[PDB]
Amino acid sequence: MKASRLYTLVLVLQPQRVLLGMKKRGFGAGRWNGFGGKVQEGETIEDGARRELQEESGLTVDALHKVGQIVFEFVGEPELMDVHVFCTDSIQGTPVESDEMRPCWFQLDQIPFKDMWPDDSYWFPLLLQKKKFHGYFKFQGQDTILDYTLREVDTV
Ligand SMILES: Nc1nc2c([nH]c(=O)n2[C@H]2C[C@H](O)[C@@H](COP(=O)(O)OP(=O)(O)OP(=O)(O)O)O2)c(=O)[nH]1
Ligand code: NA
Ligand code: NA
C-alpha cells in the first residue's frame, strides 16, 4: 500500500462557460486546468481549495462544493496524489494572472481537451453533467494512462 498526499482542484463552472488556467510552470505545465495545489497543515480540504483558487486565479469565493475525488499514480513515484475536486458557479471579481496560471474562460462547446491532462476527457463530462465521481488513473509519464477506474457516485 502507498501513502497519498492531498491536493485540491477547483472548477468555476457557469451555465455557458468554465474558467481554466494555463499552467505556466511546475506540475502539468502547458495544460489548461482548474486551480489548486497541496493542502496545508491545519486547514480543511475545502479551505485549502478556496486558498489555492485565490492565490492562483485572484478569485475569492465564500464556499466551494465537492464534486469528486481522483487518485493519481505515476510510474516511478511511490506517493499517490489524492485530488479533491470542487466547483462553484458563484464568483464576484475578475480572474487575475498569477505566476502559476493564466486564467481564460472557455465556452462549454469548446472545452480544450487536447490541451488538458488526458484523464480529464473521462471525468470532466461527469462534472459538466453535475454528477459526482471517484476516479483513479495510473500514468507512465505525462501522456500515457496504463490503468484507470471511474465511477459515478451519489455521495463523494
Ligand atoms: N485536471 C487534472 N488535474 C490534475 C491532474 N493531476 C493533478 O495533480 N492535478 C491537479 C491537482 C492540483 O490542482 C495540481 C497539482 O498541484 P500543483 O503541483 O500545482 O501544487 P502546488 O500549487 O502546491 O505546487 P507548487 O506551486 O508548489 O509547484 O494539478 C490531472 O490528471 N488532471
Ligand atoms: Na498553488
Ligand atoms: Na497549483
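Largest GNM mean-square fluctuation among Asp120, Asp99, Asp47, using the chain with Cα springs under 10 Å: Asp99. Put a dot 7 Å past the Cα of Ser4, heading toward its Cβ, do the same for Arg151, and the two dots end up 1.3 nm apart.
Counting beta carbons within 10 Å around each of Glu56, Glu97, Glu77, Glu41 and listing the fewest first gives the order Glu41, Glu77, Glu97, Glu56. From the cross-link list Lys24/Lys132; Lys38/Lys114; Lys23/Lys138; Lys38/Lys66, which pairs have alpha carbons spaced over 23 Å apart? Distance filter (> 23 Å) returns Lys24/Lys132; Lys38/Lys114. Compared with the dominant principal axis of the Cα atoms in the chain, helix 45-57 is inclined by about 60°.
For the options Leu146, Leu11, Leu20, a Gaussian network treatment of the chain with springs between C-alpha atoms closer than 10 Å singles out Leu146 as fluctuating the most.
Note on the chain: Cα-only Rg and Dmax are 14.6, 43 Å.
As a convention, Cβ positions derive from the backbone with ideal geometry for all residues, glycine included, and neighbour counts pool all protein chains shown. A short reminder: the numbers here are calculations on the coordinates, not readings from a lab.
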